[PDB]
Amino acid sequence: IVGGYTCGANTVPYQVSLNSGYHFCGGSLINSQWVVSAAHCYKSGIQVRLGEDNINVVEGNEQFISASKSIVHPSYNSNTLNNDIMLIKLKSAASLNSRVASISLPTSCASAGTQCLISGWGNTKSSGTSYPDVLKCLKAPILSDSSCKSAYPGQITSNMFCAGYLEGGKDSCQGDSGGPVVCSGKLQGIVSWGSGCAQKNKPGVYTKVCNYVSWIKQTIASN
């Protein structure tokens, strides 16, 4: 997260860190057994880390649970990043508490102009590299479809939306991949892609979760 703020420990209790020997992506806990992340975060050997603030120190509220199965969306296209969504099943159910909590799925899509919360442990620099240990947060509005398509001609599908600031300075970044965009108490986006971070006229692009609720519900009903 570039240009954001320190969230405060466990104040984003649905935020998870995906670990394969190191943090490599975020995700969102949607019930005690399932995490939503980005398809581009797929790899084998994932451990889901819940209850995290400082990802380099065991502070006492963590739950570390290995994934039993990952399911990349059947239509994910890694060339266009269309359908950039993946479900991860936990080997055992998380213990839900005030610091480890699920985020509701949307029933309707969010509106342009709505302010959302984006969070993660990704790079905090727009030029260069600095990775934080504690969870960072950003308030960012959903941008109009027109401005999103103008920023990325030929590349925005109906399964994507832009959020952030066309003037730059504030954005998600590498390492935030797969993490949540929460608007009005619902998981409306997944950190997906962009062009650099916090650059002028290149806002973050996010998977439009409301288009995937039927697939999520069906998949968790049979796995």
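One rule holds for the numbers: they count along the sequence shown, beginning at 1. Throughout, rigid core stands for the largest set of C-alpha atoms superposing within 1.5 Å between the two forms.
So if we fit everything on the core, which stretch drifts more in 9 other deposited structures of this protein, 113-121 or 129-137, C-alphas only? Larger mean C-alpha displacement, comparing 113-121 and 129-137 in 9 other deposited structures of this protein, is found in 129-137.
Which is higher in the entry, the mean Cα B factor of 14-22 or that of 199-207? Result: 199-207.
173-181 versus 157-165 - which carries the larger mean C-alpha B factor in the record: Stretch with the greater average CA B-factor: 157-165.
From the list 119, 82, 123, 147, select the residue with the highest C-alpha B factor recorded in the entry. That would be 147, according to the entry.
What's the residue among 109, 138, 135, 72 with the greatest CA temperature factor in the PDB record? The record points to 109.
Determine, from the deposited record, the chain-internal third of the Cα B-factor for residue 103: lowest, middle or highest. Middle third, going by the recorded CA B-factors of the chain.
Determine, from the deposited record, the chain-internal third of the Cα B-factor for residue 194: lowest, middle or highest. For residue 194, whose C-alpha B-factor we compare with every modelled residue in the chain, the answer is the middle third.
CA B-factor ranking of residue 45, expressed as a third of its chain: Top third by C-alpha B-factor.
By the recorded C-alpha temperature factor, relative to the other modelled residues in its chain, which third is residue 90 in? For residue 90, the deposited C-alpha B-factor lands in the middle third.
With respect to C-alpha B-factor, does residue 27 fall in the lowest, middle or highest third of the chain as deposited? Within its chain, residue 27 is a lowest-third residue by C-alpha B-factor, going by the deposited values.
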